[PDB]
């Protein structure tokens, strides 16, 4: 559907596209991997236990992840191959998820400011994988399972 983005369904879900209206919360699992042989995992919501929650802000102005998610039926499991053009911000995104996974609030001031502090002082996202990933740009495969969609 979009440039530098190959989607492949793995397990079609029940029903047709749901109502991805602005302010909906989309609940899902993802596993993020490199495109090497070992297919190296970088993040996995199943590994951490809890599933992921986003909330569509502007259905007419979507974020790249929302492009991916909004193309999915409930209980769909889909593999999204993604060209460099769209993987650049992933490490900062991941950094933010990993902080939320420890109940640190990545948009609370005290953690936001410590984050900029360290980032600036030490030239690191905090994790070796994300830093390697930051210094060696590349495509990524996300495997995603859409679990629930709820409206405002």
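Positions refer to the first chain, counted from 1.
Higher mean CA temperature factor, per the PDB entry, when comparing 92 to 100 with 107 to 115: 107 to 115.
Compared with the other modelled residues of the chain, the Cα B-factor recorded for residue 61 ranks in the highest third.
Annotation for residue 140: CA B-factor lies in the middle third of the chain's modelled residues. Among all modelled residues in its chain, residue 85 ranks in the highest third by Cα B-factor.
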